[PDB]
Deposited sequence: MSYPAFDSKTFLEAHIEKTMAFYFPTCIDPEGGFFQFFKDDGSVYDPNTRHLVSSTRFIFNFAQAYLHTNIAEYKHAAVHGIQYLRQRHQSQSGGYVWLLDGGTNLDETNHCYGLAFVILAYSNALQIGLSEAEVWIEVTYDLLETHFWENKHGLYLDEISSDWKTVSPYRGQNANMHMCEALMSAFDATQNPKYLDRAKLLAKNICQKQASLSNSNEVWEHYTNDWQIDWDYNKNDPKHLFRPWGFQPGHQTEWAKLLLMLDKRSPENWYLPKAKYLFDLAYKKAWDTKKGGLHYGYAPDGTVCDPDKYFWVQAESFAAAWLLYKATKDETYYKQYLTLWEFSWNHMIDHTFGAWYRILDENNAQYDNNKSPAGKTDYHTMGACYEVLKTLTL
């Protein structure tokens, strides 16, 4: 054995701990919230600009770490995060500031994607004991119901302007994926079956209905306001495998006989199309053609895929998925993970070369990789 035991509790916990150590305590802004732009070495390289997605995802980080390690200062960092979320990001209209610099808002557009992560963050707040979050979740859900929920399609639209008056013609799978995920987190935290029912409806609508609109029956990213397919461009493997994971997670909460075959199908297809057989890892995107059309290697794709693989292996006992889990971890250990400073590199080229030394710009808190580890951990 020349690799770590990627399927061991010890390894997964060790890796999470080293990733946590890259961000803590550097990301803490004594002024409020978190710094969101980190160099490979840990340096903050932009202390002012903040994005709702990192503001919420860091809440996920510290909350999950507290739930697993029971280290008190992690609960403190999560609460610090919640405070920043509610006092700085949560504006007037109930909507959340998308992007901001100091006391100035840069972008006040309402993104459904953002709202999903706001719900995710409130779930985590609740599970670490902020009793009030149950209400916050409940509030945010209705903001979405009122403004984003599109009952005749069973999906959420993507964005509305800050005034709440101009709706974007754009429809996208992404907001619905993360929305589904968030609502599962909400169901676990609250047991309110409303949320689980919405998660399963989103799952059905994206993975069955919207998927059927494609040749390969894979989930396409971009849709018209009809929710017809609008021809980044191409299929995104990471979202196929991410969906596989979500389906299996739903299949353990509220079973459905198409979940496992669909997860199985999406993963097999995505992995086979996107795995770089010479240098390793999954490419970022391929055409409906199946031609790889963006060969860069992203962290979240590797991570969501090894979570999906692990779940698939537990579900089927097919040793294929175990082996693929090991391949994804091997590639990751050898190329994505900074063994000096901790946490994952964001992106490599074709040849597994870094593009630069920006470990985590806004958006990346290593929510994806720690989350993937956490869910494999539940199965152990």
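**Q** Could you name the stretches of the deposited sequence that have no C-alpha atoms in this structure?
**A** Holes in the chain trace, numbered from 1: 232-243, 393-394.
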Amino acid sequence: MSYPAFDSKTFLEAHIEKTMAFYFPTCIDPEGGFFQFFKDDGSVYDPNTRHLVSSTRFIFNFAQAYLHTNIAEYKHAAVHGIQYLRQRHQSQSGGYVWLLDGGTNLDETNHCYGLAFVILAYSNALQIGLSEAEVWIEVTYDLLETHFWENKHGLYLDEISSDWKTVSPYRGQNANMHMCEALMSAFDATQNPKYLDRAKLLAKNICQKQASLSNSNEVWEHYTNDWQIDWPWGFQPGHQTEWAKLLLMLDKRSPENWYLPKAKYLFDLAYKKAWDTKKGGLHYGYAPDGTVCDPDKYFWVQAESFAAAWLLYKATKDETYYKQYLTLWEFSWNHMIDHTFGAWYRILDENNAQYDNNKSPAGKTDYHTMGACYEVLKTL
From here on, numbers count along this sequence of modelled residues.
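**Q** Output the stretch having the higher mean C-alpha B factor in the entry; the candidates are 159-167 and 77-85.
**A** Taking the mean C-alpha B-factor of 159-167 and of 77-85, the larger value falls to 159-167.
**Q** Look up the CA B-factors in the entry and say which stretch, 87-95 or 241-249, has the higher mean.
**A** Mean CA B-factor is higher for 87-95.
**Q** Going by the CA temperature factor in the entry, name the top one among 331, 344, 58, 66.
**A** Reading the PDB entry, the winner on C-alpha B-factor is 66.
**Q** Can you pull the Cα B-factors for 298, 275, 113, 122 from the entry and say which is highest?
**A** Most elevated C-alpha B-factor of the set, per the entry: 122.
**Q** Which third, lowest, middle or highest, does the C-alpha temperature factor of residue 271 belong to within its own chain?
**A** It belongs to the lowest third of the chain when residues are ordered by C-alpha B-factor.
**Q** Relative to the other modelled residues of the same chain, rank the CA B-factor of residue 136 and answer lowest, middle or highest third.
**A** For residue 136, the deposited C-alpha B-factor lands in the highest third.
**Q** Is residue 261 in the lowest, middle or highest third of its chain when residues are ranked by C-alpha B-factor?
**A** Within its chain, residue 261 is a lowest-third residue by C-alpha B-factor, going by the deposited values.
**Q** Lowest, middle or highest third of the chain for the C-alpha temperature factor of residue 282?
**A** Tercile = lowest for this residue's CA B-factor.
**Q** Split the chain's modelled residues into thirds by Cα B-factor; is residue 46 in the lowest, middle or highest one?
**A** As the PDB entry reports it, the C-alpha B-factor of residue 46 lands in the middle third of its chain.
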